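Below: one structure, written as structure tokens.
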Amino acid sequence: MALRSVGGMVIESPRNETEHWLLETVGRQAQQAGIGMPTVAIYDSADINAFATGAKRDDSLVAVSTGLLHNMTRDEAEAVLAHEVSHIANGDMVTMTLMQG
Amino acid sequence: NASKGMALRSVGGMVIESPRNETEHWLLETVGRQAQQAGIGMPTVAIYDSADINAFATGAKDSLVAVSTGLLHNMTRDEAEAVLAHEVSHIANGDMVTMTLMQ
Ligand SMILES: [Cl-]
Ligand code: NA
Ligand code: NA
């Protein structure tokens, strides 16, 4: 439900540099946090947002907005994702929204 | 008259100057340490009343960090410290951030 309700679109295998980077980044962070690979999705929003859940209720998931991928550098986005993966590992849902100054 | 000098409940929406209770002291100390480590000035810190678990911050100008009572009720010190450290990193970049948890 966490994905469907936002119209999130799952990346099943990487087909461009952005998908490759997102999967490898989340994969490395999940590995380091001692958890299974989450489903990874992109959804449409102008906001710079990522949300993630490792709650019992949900399939494990990391979803990033198109606005995040458009506006964040890889280094910036990797920091946000690493923090959200820490919440998944805690069995929580997290959403974070940023605005650049 | 009985309550004068005792630890008091945080006032939602009030900027924290002199801690009213031990959580306020911990919050100033934690944010102060993170700010020092990130190389920025001490943010203004406030607690606001909400059942939602949220902290937000802005470093666009100096900065402010605002934490919900829901967050303080629901997160351990280590968990809250990690959220605050992450938000301080955004302030240090001159950015603004808001983060909400559903536990
Ligand atoms: Cl409290
Ligand atoms: Na879009
Ligand atoms: Na609320």
Side-chain angles (χ1 to χ4, degrees), chain A, chain B residues 50 52-60 66 68 70-71 74-75 79 82-103:
Chain A
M1 247 28 274
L3 186 109
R4 194 185 212 261
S5 67
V6 315
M9 283 159 283
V10 172
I11 303 170
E12 286 192 323
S13 69
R15 297 192 162 87
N16 57 52
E17 287 292 356
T18 293
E19 289 175 6
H20 181 55
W21 164 87
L22 186 60
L23 292 185
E24 298 274 322
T25 295
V26 173
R28 177 187 49 82
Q29 292 164 352
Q31 181 155 56
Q32 296 171 348
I35 61 171
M37 182 62 200
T39 296
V40 179
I42 295 168
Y43 80 103
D44 291 303
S45 179
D47 299 338
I48 298 165
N49 173 80
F51 72 86
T53 175
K56 288 168 161 178
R57 58 183 137 86
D58 303 302
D59 282 342
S60 177
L61 169 74
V62 174
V64 301
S65 66
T66 51
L68 183 150
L69 295 173
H70 185 252
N71 289 289
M72 304 291 269
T73 60
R74 283 176 180 201
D75 284 346
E76 294 168 336
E78 288 172 19
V80 169
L81 292 169
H83 188 69
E84 292 204 352
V85 168
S86 85
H87 292 294
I88 294 175
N90 282 348
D92 293 325
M93 173 176 288
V94 56
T95 176
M96 195 189 317
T97 302
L98 310 178
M99 287 174 29
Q100 297 172 320
Chain B
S50 179
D52 276 279
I53 298 156
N54 168 275
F56 64 93
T58 165
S68 73
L71 184 149
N74 290 105
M75 295 195 173
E79 281 163 354
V83 167
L84 293 166
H86 190 69
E87 301 203 351
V88 169
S89 81
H90 292 301
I91 292 173
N93 293 336
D95 294 336
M96 292 145 278
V97 51
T98 182
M99 192 191 318
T100 301
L101 279 267
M102 293 81 146
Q103 293 220 41

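Just so you know, these numbers use all the heavy atoms, side chains as well, and skip hydrogens, waters and symmetry mates. First the proteins, then the strands, lettered A, B, ... as listed; each starts at 1.
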Enumerate the ring-ring contact (aromatic ring centres under 6.0 Å, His included) contacts for residues 31-50 of chain A, please, sequence neighbours excluded, ordered by first and then second residue. A:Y43-A:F51
Starting at NE2 of B:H90, measure out to CD of A:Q100 and round the result to the nearest 0.5 Å. 10.5 Å
Roughly how far apart are A:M93 CE and B:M102 CE, rounded to 0.5 Å? 6.5 Å
Taking everything shown except A:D47 itself, do over 12 heavy atoms lie less than 6.0 Å from its CG? yes
Minimum heavy-atom distance A:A50-A:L68, with the two atoms named: CB-CD1, 4.0 Å
Distance, nearest 0.5 Å, that separates NE2 of A:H70 from OG of A:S45: 13.0 Å
In this structure, CE of A:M1 is separated from CG of A:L3 (nearest 0.5 Å) by 8.5 Å
Over all atoms of both residues, closest heavy-atom pair of A:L23 and A:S13: CD1-C, 4.1 Å
How many angstroms lie between OG1 in A:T97 and CE in B:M99, if you round to the nearest 0.5 Å? 10.0 Å
Residues A:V62, A:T39; criterion side chain to side chain contact (heavy atoms under 4.5 Å, CB included); working and verdict: CA-CA 6 Å; A:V62 174; A:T39 296; over 6 Å; no
Distance, nearest 0.5 Å, that separates CD of B:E79 from CD of B:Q103: 6.0 Å
Contact summary for B:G70 and B:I53, nearest pair of heavy atoms: O-CG1, 3.7 Å
Polar side-chain atom of A:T25 near backbone of A:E78 as donor-acceptor pair, under 3.5 Å: no
Can A:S60 and A:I88 be said to form a side chain to side chain contact (heavy atoms under 4.5 Å, CB included), step by step? CA-CA 7 Å; A:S60 177; A:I88 294 175; 3.6 Å; yes
Quick one: does A:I42's side chain get under 4.5 Å of A:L22's, heavy atoms only? yes
Is any side-chain heavy atom of A:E19 closer than 4.5 Å to one of A:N16? yes
Among A:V40, A:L81, A:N49, whose side chain to side chain contact (heavy atoms under 4.5 Å, CB included) with A:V64 holds? A:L81
Within the side chain of A:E24, is there an N or O that forms a donor-acceptor pair under 3.5 Å with the backbone of A:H20? no
Over 12 non-hydrogen atoms of neighbours within 6.0 angstrom of CZ in A:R57: yes
Going by side chain to side chain contact (heavy atoms under 4.5 Å, CB included), A:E84 matches just one of A:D92, A:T53, A:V94. Which one? A:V94
More than 12 foreign heavy atoms under 6.0 Å from CE of A:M9: is that the case here? yes
Closest contact, heavy atoms only, A:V85 versus A:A33: CG1-CB, 3.9 Å
A:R74 versus A:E17, closest heavy-atom pair with distance: NH2-O, 3.8 Å
